[PDB]
Amino acid sequence: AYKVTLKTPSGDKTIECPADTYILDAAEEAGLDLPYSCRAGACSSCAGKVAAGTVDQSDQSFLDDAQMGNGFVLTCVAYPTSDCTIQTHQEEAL
Ligand code: FES
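Residues numbered from 1 in each chain as written, not as in the entry; some residues may be left out. Heavy atoms only, no water. Residues with missing side-chain atoms left out of burial classes, pairs and counts.

As documented in the archive entry, the model was determined using X-ray crystallography at 1.4000 Å resolution.

Pasting the structure below:
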């Protein structure tokens, strides 16, 4: 699996996430407790910010082009495409 380093307000926690699993789902499976609501890519509750590595969030429908260009990601609909580092709890930074 890809190694996803979640940089959370309570420390960095590196978890495994296969290519076919959403970041949020892998995080909750690993025992993390990240924000979410719709789980449909249509809000900002689950927003993170990619610091390194790549994700595929093609089905997202809330972030604009500039926000995605700055690394913002909807973790509920984002797959990893490499080992990656994602700062969590980023909704207030949007
Ligand atoms: S929880 Fe709404 S977009 Fe992820």
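> Describe the UniProt feature "binding site: [2Fe-2S] cluster" in the protein chain, naming the residues involved and giving the relevant values.
Feature annotation in UniProt places "binding site: [2Fe-2S] cluster" on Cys38, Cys43, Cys46 and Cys76, given in this structure's numbering. For the residues just named, distributed over 39 residues, the greatest C-alpha separation is only 10.0 Å, placing them together at one site. From the list above, the largest cavity is lined by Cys46. Turning to its location among the elements, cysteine 38 is positioned in the loop between α1 (23-29) and β3 (47-52). Residue position: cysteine 76 is located in the loop between β5 (72-74) and β6 (79-80). Residue class for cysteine 76 comes out buried when judged on its relative accessible area of 5%. (UniProt positions renumbered as here; feature names shortened; annotations may be inferred. 1 Å grid on protein atoms, 1.4 Å probe; cavity = no way out; pocket = protein on both sides within 12 Å on 5 of 7 lines; lining within 4 Å. Helix = DSSP H or I, 4+ residues; strand = E, 2+ residues; numbered from the N terminus. Buried < 20%, exposed > 50% of the residue type's maximum accessible area, 1.4 Å probe, protein only.)

> So, the packing of aromatic side chains: which residues are in play, and what are the values?
The tally for this structure, following the rule as stated, stands at one aromatic pair. In this arrangement the basic side chain of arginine 39 is found over the ring face of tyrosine 36, its NZ or CZ atom lying 5.8 Å from the centre. (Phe/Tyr/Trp six-rings, centres within 6.5 Å; stacked < 30°, edge-to-face > 60°. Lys NZ or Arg CZ within 6 Å of the ring centre and 35° of its normal.)

> Describe the pattern of salt bridges, naming the residues involved and giving the relevant values.
A full pass over the atoms with the stated rule returns one salt bridge. Linking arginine 39 and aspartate 25 is a salt bridge whose minimum nitrogen-to-oxygen distance equals 2.9 Å. Residue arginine 39 is located in the loop between α1 and β3, and its partner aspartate 25 is located in helix α1; the two are separated by 14 residues in the primary sequence. Its relative accessible area of 22% is what places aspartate 25 among the partly exposed residues. (Salt bridge = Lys/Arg side-chain N within 4 Å of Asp/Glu carboxyl O.)

> Tell me about empty space enclosed by the protein, residues and numbers included.
Of the pockets and cavities examined, the largest cavity occupies roughly 40 Å³. As for the largest cavity, its lining consists of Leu34, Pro35, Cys46, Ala47, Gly48, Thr75, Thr88 and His89. A breakdown of the residues in the lining of the largest cavity according to their chemical character gives four nonpolar, four polar and no charged. (Points joined across faces, edges and corners; volume = space filled by probe spheres on them. Nonpolar A, V, L, I, M, F, W, Y, C, P; charged D, E, K, R; others polar.)

> Talk me through the nonpolar core; I want residue IDs and the actual numbers.
Residues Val4, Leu6, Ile15, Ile23 and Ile86 are the most contacted members of the largest nonpolar core, which totals 22 residues. Of all the secondary-structure elements, those providing two or more residues to this core are β1 (2-8), β2 (11-17), α1, β3, β5 and β7 (84-87). With four residues, the single largest contributor to this core is α1. Setting aside anything within four residues of it in sequence, one finds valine 4 in contact with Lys13, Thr14, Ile15, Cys17, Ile23, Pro80, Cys84 and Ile86. (Core = buried A, V, L, I, M, F, W, Y, C linked by side-chain atoms within 4.5 Å. Contact = heavy atoms within 4.5 Å.)

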